[PDB]
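Asker: One structure is given below, represented as structure tokens, and several questions about it will come after.
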Amino acid sequence: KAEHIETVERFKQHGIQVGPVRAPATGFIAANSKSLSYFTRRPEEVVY
Amino acid sequence: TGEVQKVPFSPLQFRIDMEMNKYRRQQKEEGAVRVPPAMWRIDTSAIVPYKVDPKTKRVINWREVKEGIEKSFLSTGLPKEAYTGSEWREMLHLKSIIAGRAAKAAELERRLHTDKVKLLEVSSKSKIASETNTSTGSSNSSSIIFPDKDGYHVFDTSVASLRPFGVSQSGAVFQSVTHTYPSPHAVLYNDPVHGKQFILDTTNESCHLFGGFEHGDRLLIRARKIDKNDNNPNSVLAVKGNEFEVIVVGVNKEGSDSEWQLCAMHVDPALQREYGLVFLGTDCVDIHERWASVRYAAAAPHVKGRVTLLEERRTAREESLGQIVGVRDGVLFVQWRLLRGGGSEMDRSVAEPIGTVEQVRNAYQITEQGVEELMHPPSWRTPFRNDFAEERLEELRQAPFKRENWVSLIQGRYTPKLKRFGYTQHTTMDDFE
Amino acid sequence: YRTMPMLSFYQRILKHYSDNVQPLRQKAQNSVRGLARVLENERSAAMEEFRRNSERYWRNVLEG
Amino acid sequence: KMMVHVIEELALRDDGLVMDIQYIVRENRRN
Amino acid sequence: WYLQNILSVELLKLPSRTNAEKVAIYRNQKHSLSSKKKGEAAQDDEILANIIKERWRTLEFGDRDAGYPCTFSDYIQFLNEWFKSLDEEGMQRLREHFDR
Amino acid sequence: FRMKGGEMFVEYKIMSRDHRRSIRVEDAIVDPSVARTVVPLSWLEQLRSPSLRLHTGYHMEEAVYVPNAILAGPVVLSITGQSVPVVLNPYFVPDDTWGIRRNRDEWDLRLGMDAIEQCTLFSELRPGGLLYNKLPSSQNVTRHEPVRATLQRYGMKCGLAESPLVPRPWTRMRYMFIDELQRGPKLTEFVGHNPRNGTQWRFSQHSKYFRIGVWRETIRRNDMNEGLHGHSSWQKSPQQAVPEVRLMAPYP
Amino acid sequence: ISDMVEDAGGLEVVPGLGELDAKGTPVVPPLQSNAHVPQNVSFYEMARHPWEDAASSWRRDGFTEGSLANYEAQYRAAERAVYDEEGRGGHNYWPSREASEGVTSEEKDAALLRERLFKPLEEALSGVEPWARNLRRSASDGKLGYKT
Amino acid sequence: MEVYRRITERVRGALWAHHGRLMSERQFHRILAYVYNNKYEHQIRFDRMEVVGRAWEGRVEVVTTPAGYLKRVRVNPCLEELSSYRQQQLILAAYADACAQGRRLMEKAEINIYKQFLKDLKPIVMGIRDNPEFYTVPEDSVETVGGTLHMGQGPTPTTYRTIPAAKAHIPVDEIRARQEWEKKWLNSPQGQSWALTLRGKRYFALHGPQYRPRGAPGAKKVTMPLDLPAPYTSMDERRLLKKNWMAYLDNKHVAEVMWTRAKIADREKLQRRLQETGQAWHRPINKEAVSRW
Amino acid sequence: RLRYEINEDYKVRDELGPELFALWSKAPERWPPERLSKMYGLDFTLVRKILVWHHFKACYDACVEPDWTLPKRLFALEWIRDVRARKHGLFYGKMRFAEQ
């Protein structure tokens, strides 16, 4: 924890935009798929 | 001893004993020993056995034998084919540096005093100039002594000496954005008549490692052979000779660590068109054997050259803070203030030559002043205070052995040798050294 | 990523599960088949051979 | 599988990452 | 004998390790776990120095015609040339040797 | 002690030899070229602190020229870096002919070789230091010589203890003998009048008085025997009263 | 306080310090402080570790270079020969007597030594005078008939 | 001082009562000496800076060093006539105000001391605590000769766990990945350009060790954080038992008495905490938590 | 017969490396004994005694001249008390607690 906080501090302080300051991409339930769930079988439900 | 004539000492075997004892002591200190390369062949020529004067049976050549042995101890046993051409070239440069150090301090102090008496002269004459400079602030403006990348070199300074660059004053810190390369170690240029794509390094380290000629150094070089190829003495042009002005542009990466040469461009753009790019040589020694004369066609070469053949090549915007210092021979010298590794208020870089007024106006998009005071460089940041070329020579000349593996000639061993905390032997922190 | 991060967390878990379960199931299958064939190898008739002559059995197992 | 099923089936395969995920779960909840 | 049994160390050999030995001494040194036996702890440098101590212990004196390295005369003659050779710093190091 | 341009600037506190009256100087120059300190005459009374050893203010007080000045002494300078006091006889020049007022409130005061011969600042003088430049010219000084050129013209060859004949300069002390860290404090008897007169050593068993006692302590080793055989060095115990016995040792 | 002032040089009576001017400002500008929190005086970046740069207050009696290079290297060799003996890329926990208790074949190291340390010496000794080679010979052998 | 004496006494007792390891008092005092030199290195430059206090309306201007050394007193001449006493009390109040300011900064830097020393004792408690073999029980459990009975009050605690049940995740890994993200960055488009920007040169300087020239003070290279896995490192009791059992018994005896007294500290801090928030009573009423044993 | 040492915590094997050496070899006017008398949890006199032996180990290892006035500058109180003890009871040497 505290070591990543050291990282985050450096990045947010000086402008190093990779890794922990860069927002991880989440996948969205697709516009068609009426599925409310995360499915390992099914990729096209989760859209970016 | 078993001999009636020879004296019971064998300096060859004693020196071999000394080497083996050095190796033995290091095996004891470290527990292992770097296997001296297959290039490590002891030279023993300098060693000479004793000479015993007959009428007295006392030695004749005792200091002789001794200096032979000590030379053979100093000399490591491996020739050039062990060392990378980078190793070799840096080494030759360090050697030459400590060769000229005496003359360097000589000429540098002489030159410092000439510029100083220039100061004393402007201050003394005329009587009206003295009556203006009577004031302490005025005179301390008039000129300031400041460490140069060589040594303590006085800087001119004034409102009128600094306005031509547009400088407010020496105590005015200013940021800037500038043109540089997106990778200076990677400078590309295609020579038209040549059509060979040279990838240069414009970084001053390898700019020197081939003889000191840094990027932007403006030079004159000379020729020894006949450009008409004619041995005959009737009508010859190059026996009279030509003097080729040039400018350094870096190190071309060929494909052999040794066989790169120094890259420099004709400043006469006519010949930059027709004759083409000139390489300098695989080293300092190389360029100097290659060229009868190489000289900086300016005094001092602090004049820093724009690179036009790379003008299009320089596409990076460098965000560089700095602080004015002085203008010596009409060329600005500044004090940059951001350096890598100095995160305190001491580490202001030394006085650096920046190009002339034209180069300020051209390559300097932004130069926005402030107000500040001259903070001299600190010890570690001062180069002639930190020029470690000598220990560098020792470093490289013992570089190979570090590449070979360590094994314990006391064989069968496993335990890692327990070195102890804070031992003055193992202390490496050189916080100020 | 700041209101609903756990979405990316679950995404990573599904990534791991996908790139894991088949060498994982593979290991599980190999191991269970190993222990089962050990059980049956003990239950075999070589048990009866050993029971009727042990020293021979250790001899031949040490030999081959 | 669905997510809950991935959990319930890896919970017999990889003790570690499942114990891990269940902890991250309890903590992001009680946050 | 001195050069041999002191300064010619390479002519000394250690107990050559087995590989279960190598790996296990690594494993119980680079992390000292709970409940270790006392058999994993005798280091090779302590072993070299104990072997040299045994060398100096079993050095014997007598006429060298027998299996002896040297006589009292040979040894104290070397001692005398040396103790005459000793300078200041040599004598500092020697008297510290005596003192410790 | 600092240089701004190589020239050294020391911080010191000039003091009357009794350290009663003192006057500090922030950053003064160190010129290893004038063999005497030249302080302004105004301090001849600030540091005249009439003690008893020096009836009047100073000890020596002589009208000198360089007559401009009063050469006075001895005044106890103390430089910030050094722990040894540096006692001088400074020239006390007047501020008239020699207006030492260089700038606004500055002074142009310089520390002399008369001092640098007493400070650890002297080591900056032998070639390699920060004052070997500023040293005046003479045949034993090559001005701009490489320091290594001087060391090797004197006889530098290798590192420190590079060649394995010269011992290591850090096995020079393989043991510090600090008695209460190692085996306790010696048992210290004396034979004489005092600790400082008599000697560490009792009289060995060979004395004329001890041989009957040693003979008895040999044959009847289990009864207690009268005699002087005890005041000897040879004792019945496994432990003989030979000096520097560590009487509180954990394991004797 | 009375003597803190004395050693502080007495009260310097400067007329009109906190007395304000008609326009509400003070005459005789006040005294201004230059104090803050020092931002570069962590003692750890100072009294650091001697050979590495892990700047803190923990003692760690390290291991010499070489006696860690060779050490860890032959540990890797011994593990690659014990646990993964048949070289199929698989770690067999049950190697043979010969694999578990065979010392590695890295005694080619002393052979490398024999080629690049002692061998050039053995060429170099073609210049020593025989009586010394024979003397150091018999001396390192221990067979020296010095006629008493 | 006793903050860090209490802290390291409790850490000593920890690394022993949580693992059969002993800290070498050589180290125990190298820690406190590093905190003391922390304070000396603060006090050094604190004595090159000033705090200015001023008495009524600013008539007396007291110039001081934050440690409390009165350097100057500029006075208004309407104060020379107060008295000898009231002059004293007024310059004393001006001193006192300046002291308040200097001690304000003094406490603003003692928190920096707390924090550097904390970054210091990090890898040690992280050593004892962020290892697979680190576990406690609930403080209410009647620890019995063979284990730990249960609590009765405040059912269902929330047992945390600071460690990934997955494979090992250590700070050296995190920092090596930190430099790799840093690397990929200084390769990336925003990377290489921000690096030529001030925001990048500033970071490079204030955080680039491997760029300190030959001579500069500070970390002269990059350092991974420290690793002291206690339950997998016999610290000193090995050396003590080898050399002499007497020192062993007493060194472990101190570490144990130290943890015992840090326990007594938690006990009395809790005791006041309860007499504060109404849990406990000012004189024993509940004996059967002592008399039924 | 030399196998135990009283006070087994501060051994001598860990003082042959000068504690914070290159910090008081860098300004030994800024580094009195009182800055490092925290490094050892021993009695005060013995701690100063360790410190002077330490500066000696350090100067020896840098191969520079020691300052033989360091014992005096650490035990100044004791130094002047010996001087006045001598001047009072006319002896030479060092005063022992029996004469206080």
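Each chain in the structure tokens gets a letter, A, B, ..., in the order shown, and its residues are numbered from 1; ligands are numbered from 1 in order too.
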Which parts of segment 29-145 of chain B does DSSP call strand (DSSP E) when run on the backbone here, written out as a ChimeraX atom specification?
Answerer: /B:33-34,143-145
Asker: Excluding same-chain residues fewer than 2 positions from residue 364 of chain B, what lies within 9 Å of it counting only C-alpha atoms, as a VMD selection string?
Answerer: chain B and resid 176 to 179 359 to 362 366 to 367
Asker: Pull N, CA, C and O atoms from the residues just selected and write them as a CSV table (one decimal), in the first residue's frame.
Answerer:
```csv
chain,number,residue,atom,x,y,z
B,176,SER,N,12.9,28.7,-20.6
B,176,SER,CA,12.9,28.7,-22.0
B,176,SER,C,12.3,27.4,-22.6
B,176,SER,O,12.3,26.4,-21.9
B,177,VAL,N,11.7,27.5,-23.8
B,177,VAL,CA,11.5,26.3,-24.6
B,177,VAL,C,12.4,26.5,-25.8
B,177,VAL,O,12.6,27.6,-26.3
B,178,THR,N,13.0,25.4,-26.2
B,178,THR,CA,14.1,25.4,-27.3
B,178,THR,C,13.9,24.2,-28.2
B,178,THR,O,13.2,23.3,-28.0
B,179,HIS,N,14.6,24.4,-29.4
B,179,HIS,CA,14.7,23.2,-30.3
B,179,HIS,C,15.9,22.3,-30.0
B,179,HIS,O,17.0,22.8,-29.9
B,359,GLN,N,21.8,33.3,-32.3
B,359,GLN,CA,21.3,32.0,-31.9
B,359,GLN,C,20.3,32.1,-30.8
B,359,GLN,O,19.3,31.3,-30.8
B,360,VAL,N,20.5,33.1,-29.9
B,360,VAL,CA,19.4,33.4,-29.0
B,360,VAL,C,18.1,33.7,-29.7
B,360,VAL,O,17.1,33.1,-29.5
B,361,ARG,N,18.2,34.7,-30.6
B,361,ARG,CA,17.1,35.2,-31.3
B,361,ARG,C,16.4,34.1,-32.1
B,361,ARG,O,15.2,34.1,-32.3
B,362,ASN,N,17.2,33.2,-32.7
B,362,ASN,CA,16.6,32.2,-33.6
B,362,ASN,C,16.1,31.0,-32.8
B,362,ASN,O,14.9,30.7,-32.8
B,366,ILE,N,11.2,31.3,-26.4
B,366,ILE,CA,10.8,31.9,-25.1
B,366,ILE,C,12.0,32.1,-24.2
B,366,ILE,O,12.8,31.2,-24.1
B,367,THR,N,12.1,33.3,-23.7
B,367,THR,CA,13.2,33.6,-22.7
B,367,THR,C,12.7,34.7,-21.8
B,367,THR,O,12.8,35.9,-22.0
```
Asker: Pick out the residues sitting within 6 Å of segment 9-23 of chain D, and hand them over as a PyMOL selection string; count only C-alpha atoms, and ignore anything fewer than 6 positions along from it in its own chain.
Answerer: chain H and resi 164-166
Asker: Within 7 Å of residue 27 of chain F, counting only C-alpha atoms, which residues show up once you throw out same-chain ones fewer than 6 positions away? Write them as a ChimeraX atom specification, please.
Answerer: /F:9-11
Asker: Next, write the just-selected residues to a file, as a CSV table (one decimal), in the first residue's frame, keeping N, CA, C and O atoms as the atom set.
Answerer:
```
chain,number,residue,atom,x,y,z
F,9,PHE,N,37.9,31.1,2.3
F,9,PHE,CA,37.3,32.1,3.2
F,9,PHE,C,37.0,31.3,4.5
F,9,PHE,O,36.1,30.5,4.5
F,10,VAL,N,37.7,31.7,5.6
F,10,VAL,CA,37.5,31.0,6.8
F,10,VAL,C,36.6,31.9,7.7
F,10,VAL,O,36.6,33.1,7.5
F,11,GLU,N,36.0,31.3,8.7
F,11,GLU,CA,35.2,32.0,9.7
F,11,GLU,C,35.9,31.8,11.0
F,11,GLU,O,36.2,30.6,11.4
```
Asker: Which neighbours of residue 35 of chain A fall inside 12 Å, counting only C-alpha atoms, when residues of the same chain fewer than 5 positions from it are skipped, and could you give them as an NGL selection string?
Answerer: (:A and (28-30 or 42-46)) or (:D and (2))
Asker: Residues of chain H within 9 Å of chain E, using only C-alpha atoms, as a list in words?
Answerer: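 So the contacting residues turn out to be residues 20, 229, 231, 232, 233, 234 and 235 of chain H.
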Asker: How would the residues just picked look written out with N, CA, C and O atoms as a compact mmCIF listing (two decimals), in the first residue's frame?
Answerer:
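Generated file (result.txt):
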```txt
# COMPACT_ATOMS: atom_id res chain seq x y z
N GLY H 20 10.42 -15.86 17.24
CA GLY H 20 11.60 -16.07 18.05
C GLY H 20 12.84 -15.40 17.49
O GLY H 20 13.81 -16.07 17.18
N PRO H 229 12.11 -10.24 6.61
CA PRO H 229 11.08 -11.22 6.95
C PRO H 229 11.45 -11.93 8.24
O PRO H 229 12.25 -12.86 8.24
N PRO H 231 9.80 -14.09 10.59
CA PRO H 231 9.63 -15.52 10.87
C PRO H 231 10.41 -16.40 9.93
O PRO H 231 10.39 -17.62 10.08
N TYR H 232 11.09 -15.80 8.98
CA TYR H 232 12.00 -16.51 8.12
C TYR H 232 13.40 -15.94 8.22
O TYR H 232 14.13 -15.96 7.22
N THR H 233 13.78 -15.39 9.37
CA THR H 233 15.15 -14.95 9.62
C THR H 233 15.42 -14.94 11.11
O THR H 233 15.02 -14.01 11.81
N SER H 234 16.11 -15.97 11.58
CA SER H 234 16.66 -15.95 12.93
C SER H 234 17.61 -14.78 13.04
O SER H 234 18.65 -14.75 12.36
N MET H 235 17.27 -13.80 13.87
CA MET H 235 17.99 -12.54 13.83
C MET H 235 19.23 -12.59 14.70
O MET H 235 20.35 -12.51 14.20
```
Asker: One decimal, in Å: what's the spacing between atom CA of residue 238 of chain B and atom CA of residue 290 of chain B?
Answerer: 15.8 Å
Asker: For residue 113 of chain G, work out the shell of residues within 10 Å, counting only C-alpha atoms and skipping chain neighbours fewer than 5 positions away, then give it as number ranges by chain.
Answerer: B: 33-38, 407-409; G: 107-108, 118-119
